[PDB]
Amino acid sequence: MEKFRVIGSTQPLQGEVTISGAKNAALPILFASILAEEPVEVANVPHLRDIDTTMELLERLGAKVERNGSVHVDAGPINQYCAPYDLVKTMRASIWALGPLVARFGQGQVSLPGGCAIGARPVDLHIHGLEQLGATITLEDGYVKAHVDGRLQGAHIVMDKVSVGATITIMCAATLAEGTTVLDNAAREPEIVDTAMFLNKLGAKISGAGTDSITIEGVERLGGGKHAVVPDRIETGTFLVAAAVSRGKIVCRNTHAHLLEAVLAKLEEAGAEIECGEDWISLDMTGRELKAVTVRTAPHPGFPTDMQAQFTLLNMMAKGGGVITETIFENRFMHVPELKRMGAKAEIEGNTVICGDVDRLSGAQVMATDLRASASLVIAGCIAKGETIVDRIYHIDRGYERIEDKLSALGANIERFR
């Protein structure tokens, strides 16, 4: 198991960082490419483990896949329709293959994702969504087995809850259904907007993406095309926090303020000065005193739960307390007892963390548990005093491309080892 050895410092993290394509846009785009009958190019895809898994999954369906900067996909010759346990237990996102498969081939099988470290994370909304589009779905031997005689049919659908994943499953499958689909109470996340933009280039007709009502007019087939994935707003916030919490000064390139206004306002409120350009965001925390903030996770454009662990660390270092309420997932405070091992002060109650204030963390051996928690611990390591060992660092590589290099270019002292 790979680990990070991090040697901390009161040195501010400063410099520049090039922000990669969004993990959470590139995934649903690549799964959406199953619908396409012609070759497809997806530019600005980061190198992550979840993309290798996704790439392998498409290969195992009969698609031809190749990558470096872009990923090229020829989904034309797809002639298998299963996403097996072996891969799904690796990556629950695999659920996204069920919609495109049934919609294009009338058939689809996908291992039901078991339990996630951050929550039970059921998929009822995906299932009920495709059923509403005319599919028949069962569970046999732990596989969600879906099928429809003919084409899926357009329907008016109102989501019980706001769900990113399910909004996508339904929107994507609806592109090849007969007639028109109106999905109400959809999620507004910008990766949804990007997945629609991509599909529309292939010959789909999706309108209202990024509003709570999405209209999809079904077409008989989708073609080919090129698309550059939207920048990663979470990677972006992650580095801004890294600068904020170290009295630092950083500019993020190839990223856009409109993707993360809630985070940018919270960072301004915690003391930072923020500037924005055509395609960059800068943060200056030099000579500014870090102040605690109150936070409530919520659907976009509210505060994203993917920034929650990073702001737990911020508040732990910020004077004036700091309270974080997590509404989205039920078990996403696993970073707290780890940070406590480094001398951090906080208390948990239901869905809320109440942070104390601490001048400086102490290096210690800690263990990553999930993707965003993992990053917070590495940042903690950078500012702490002495040597930090972050075990199980493969979690980071699921969502950050070569984070040790990116942070090293900012003055961090990080070693990847076995």
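Residues carry their position along the shown sequence, with the first being 1.
- The stretch 83-91 shows the higher mean C-alpha B-factor when 327-335 is compared against 83-91 in the entry.
- The mean Cα B-factor in the deposited entry runs higher for 280-288 than for the other of 280-288 and 208-216.
- Among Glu189, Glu178, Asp306, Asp232, the highest C-alpha B-factor in the deposited entry belongs to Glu178.
- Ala36: CA B factor in the highest third of modelled residues in this chain (values from the PDB entry).
- When the CA B factors of the chain's modelled residues are split into thirds, the value for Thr54 lands in the lowest one.
- The entry lists a Cα temperature factor for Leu222 that places it in the highest third of the chain's modelled residues.
- Among the modelled residues of its chain, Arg247 has a C-alpha B-factor that falls in the highest third, as given in the PDB entry.
- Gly363: CA B factor in the middle third of modelled residues in this chain (values from the PDB entry).
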